Amino acid sequence: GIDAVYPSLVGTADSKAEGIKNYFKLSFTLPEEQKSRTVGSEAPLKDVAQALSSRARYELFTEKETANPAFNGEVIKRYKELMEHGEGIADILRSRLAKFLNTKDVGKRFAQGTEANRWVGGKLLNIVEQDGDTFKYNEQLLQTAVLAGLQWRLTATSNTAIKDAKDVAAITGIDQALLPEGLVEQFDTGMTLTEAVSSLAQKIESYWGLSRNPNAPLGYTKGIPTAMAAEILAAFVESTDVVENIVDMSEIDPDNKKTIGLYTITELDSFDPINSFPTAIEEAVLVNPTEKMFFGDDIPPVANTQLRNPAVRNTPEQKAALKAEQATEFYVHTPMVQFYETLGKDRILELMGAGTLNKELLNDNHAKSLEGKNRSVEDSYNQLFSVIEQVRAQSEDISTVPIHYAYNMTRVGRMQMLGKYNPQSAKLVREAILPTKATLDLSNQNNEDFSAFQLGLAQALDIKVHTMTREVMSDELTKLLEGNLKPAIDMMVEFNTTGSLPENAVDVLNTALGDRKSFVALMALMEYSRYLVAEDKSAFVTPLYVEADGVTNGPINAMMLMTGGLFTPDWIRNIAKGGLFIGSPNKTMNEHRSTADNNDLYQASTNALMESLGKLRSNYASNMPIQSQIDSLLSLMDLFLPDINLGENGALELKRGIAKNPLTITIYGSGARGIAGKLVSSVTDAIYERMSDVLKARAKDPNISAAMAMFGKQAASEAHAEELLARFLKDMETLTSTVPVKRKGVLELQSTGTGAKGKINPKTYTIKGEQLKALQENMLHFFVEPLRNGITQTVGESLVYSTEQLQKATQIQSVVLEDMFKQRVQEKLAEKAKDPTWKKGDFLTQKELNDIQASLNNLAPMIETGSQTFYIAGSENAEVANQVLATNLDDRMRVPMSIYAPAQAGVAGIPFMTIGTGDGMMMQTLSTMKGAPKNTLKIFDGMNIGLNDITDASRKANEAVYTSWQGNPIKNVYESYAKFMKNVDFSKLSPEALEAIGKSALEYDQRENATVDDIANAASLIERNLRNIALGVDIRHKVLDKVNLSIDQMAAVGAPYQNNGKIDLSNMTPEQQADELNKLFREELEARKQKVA
DNA sequence: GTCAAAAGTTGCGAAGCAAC
């Protein structure tokens, strides 16, 4: 079969043969249904170039009566030129092989019998053919691979994952908190070796259109396509389509010996015709294209498995959710596109980015940051217009072309739109391509339609709409429209009248908006002006939306989902800050914030921090050095952060802002040190930025004083700015030269020796490593520690207990799964080493890996909720195989063999379950529930709704919230841990693993002497803890359901969901309600106790 | 120990350790 297709490849298609064995024929087979149209083609490049030569030929090739109308004259011309470039890449590959065969006589040794086709660096030899005294590439395989490379080169960058600080930390091996400014930026734009080859190889294999032999070693089924990809990347480096940069980590800190390769694809002109249709090759080669836009009723297919978790199938309910979201039609909002176009890329960067950089009128590290910002915006802008260019081809009126987006379920249950820059992920794109739309009657400002319009405009303009009633926000909005924004509104009225903008459009927008500036704010100015010049106000069509947005969503979800003790009055008061109102029929968040409690969860946490800080000050009331250090940290923060304020007489004011990120990531399992690093980071960014201000402050007046050049605005007078500068220098000095240390359970100050001082140079000023670390230690002990105490005090110690038990159970289970998998692999390999047809380098077959995974099912690797599936340990790492998979023909680009297998979970269990059974379950329900809202854009913890359906959609969202609050993630974990506990055998664990388990199940002093029996006993203890927690959560949810509740967690609109519970708890204090609820709790405890018969 | 996906390069010589 396959031999008939590739009859001339070198070697025998029999793993038993004694001579050269061809592992390409042994590893792959032809599918029972064609996947690639090039299979059988003698000259794929020639044949595909032919297909791309005219619309008529493309239609014949793809056996379709119609071709994407974007495939026009100019596009066809570009693809003809791109095909000629494919011949160049093909030519470079041919010379590289010849060079490889000539070097150290590999070709001669291979012809003589040496099995070089089994070397990790010679796997490509499996796709060559004898040619006279040498070997040559099989043209069909080589040319198809090139076609894969061309498509990859055109769209890979638009499908790369975004890299955050943590990612860069993992890659570079540098502490996330001590990363040098710009590093994350440099790494987020380029691709690591693994990233590049992996995506390239995946693409090559799909284009070869064959199927893997389940009984063939991974060293070939995966290694040959990877070997081909490595060569193609090498070819692209020679052609300059890709730039390789090897970043030496030692340059940043001499201990780090890692040299990391980065690959950046050369960008095509933003105006290149190819951008309007960058997927012609993919749609021509594949019978079922992956990359393509979905227009009209061309709908994306539904993914069968969870993203990057092959072993996890999307449940029926998750698939229904994905189908529902992919069904939604998005439409281009022409006015906004025209606005972006008129402004221009240069002015959008100036308005929403860093504008033009004068890399000498701003601090070096600041500039690196600004440059990072412009990039994100510029890339979003080019991406939107590439899409617009293809949409415009679909018809005369671009605003009528329906667009669909593909989604998939992530590891944590979130429905993620696929692609780097889309409406769900990119703010700029979000205001140009929308699914929201409504025709409103705005002829009378007393209409319900006009109220909705106002709500959308207000929210977009940064008015806190969920903190006040509709009537009150209407007045706030009116004030802004008739005041500060008035000049911008006039400019937009003129734009919507003549289509022209002033030369100072950026300045008018900037001044009018102030800190309200955002893309959605531009949409509000755009839409309000359009209504003003509107002909028929009785039927105003607008995509303006209102986002029903969760109020402290993650933290509140965790509180409802994992608090398992009796009800307390503090919890009742705090949970109300998240929209769960007890005994207050039809109460909304708007009313709550304006009449009952103006502090949300962030503020309450901050207020707890303040109290915990005072407590810390007392414990060291006599220690002047300690007090002075605390004063310096607050002084430094008050100097650059807006959320920290210090009055004239010393009064400390802390705004909810400082607790936002910290509370959020604390619910995602973050440690205290990470929070400290981020807090320091925001401080330093402000400093670097202040330095830049000086540079220009002095360029304007070479006589301006340093004090006034650095604090000239933030102060009242000169002697006043002079004392601000005194605070700065002193603070930086004490915070970098002295750090707090935990000795004997007490705080003691230590000299670092690496103090910071000297005449500052606002051009090169840079807080070094040791100094950022000193700053971090001070931040940790004098600010983050008490913040953590306040947070715990706010969300409840019961919740913290649950999350720790959850973390322990899932870590323990992940450690076992990881170790057992590794062991079964070593056992199998040892067994293969006795097989003569097998060789080291080859690995296990896919079937063998499958068997090993299956042997772990009794340890319950998956957590099931009944509508979602979570696999916490699931991952892909190079540690299982611990070997190279393939290299390029120059012996470089050595791609490690990565394998899908369980790995230690760390704290991931908390985020997985919180995010998954919280917002993830809620959105899933909202997409599939009876009367599920249509035409919305869901963004995990918020949903954009069209102005015509804000009331019902918001109510449905709140009902969806209530539905997810019926979940019990701890019970789900318990049922998994329970099966695991009865089948596990800790004795079969490596000492390395057993130790990790002891850290989770025993208290630090019991680890050293801990016997298998000891940890095994402790592990079973955790199981009982989980059972008891699950039982309480379950009871609480049933009890709460009997009471009258009003839920408005997805706030803004003021349409709370009523559970209509019968037990009336109105006219009762939180203490009274807690007592009544606990009575119901105890009642059920007895009922579900002895009587369930 | 923040989730969303992983994660160093290269000579010698043909695996996998040494040097950076």
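Naming convention: chains lettered A, B, ... in sequence-line order (proteins, then strands); numbering from 1 in each chain. As a basis for the values below, the full set of heavy atoms in this structure was taken, side chains included, without hydrogen atoms, waters or symmetry mates.
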Give one of base, sugar-phosphate or nothing for [X], where a contact means two heavy atoms less than 4.0 Å apart.
| X | result |
| --- | --- |
| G906(A) | base |
| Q176(A) | base |
| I910(A) | nothing |
| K257(A) | base |
| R308(A) | base |

Would you state whether a donor and an acceptor, one from the side chain of [X] and one from the base of [N], lie under 3.5 Å apart?
| X | N | result |
| --- | --- | --- |
| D891(A) | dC12(B) | yes |
| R894(A) | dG13(B) | no |
| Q811(A) | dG1(B) | yes |

Checklist entry - What nucleotide, of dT2(B), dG8(B), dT9(B), holds the atom closest to the side chain of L193(A)? => result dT9(B)
Checklist outcome for this item: Among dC3(B), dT2(B), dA5(B), the one nearest any side-chain atom of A908(A) is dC3(B)
Counting only side-chain nitrogens and oxygens, does [X] get under 4.0 Å of the OP1 or OP2 atom of [N]?
| X | N | answer |
| --- | --- | --- |
| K839(A) | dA15(B) | yes |
| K166(A) | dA6(B) | yes |
| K163(A) | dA7(B) | no |
| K258(A) | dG8(B) | yes |
| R892(A) | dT10(B) | yes |

Checklist entry - Is the shortest side-chain N to carboxylate O distance from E115(A) to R109(A) below 4.0 Å? => result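 Between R109(A) and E115(A) there is no salt bridge, as every charged N stays at least 4.0 Å from the carboxylate O atoms.
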Checklist entry - Can the positive tip of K123(A) be found less than 6.0 Å from the middle of the six-membered ring of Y23(A), inside 45° of the ring normal? => result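 No, cation not above the ring by the 6.0 Å, 45° rule.
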Next on the checklist: Is the distance from the ring center of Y220(A) to that of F24(A) below 6.0 Å?
Outcome noted: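 No.
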Item to check | Span that lies between the P atom of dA14(B) and that of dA18(B), in whole angstrom | outcome: 16 Å
Checklist entry - Counting only heavy atoms not in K99(A), do more than 12 fall under 6.0 Å of its NZ? => result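 No, the 6.0 Å shell around NZ holds no more than 12 heavy atoms from other groups.
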Item to check | Closest non-hydrogen atom pair, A881(A) against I899(A) | outcome: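 Closest pair (atom of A881(A), atom of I899(A), distance): CB-CD1, 3.4 Å.
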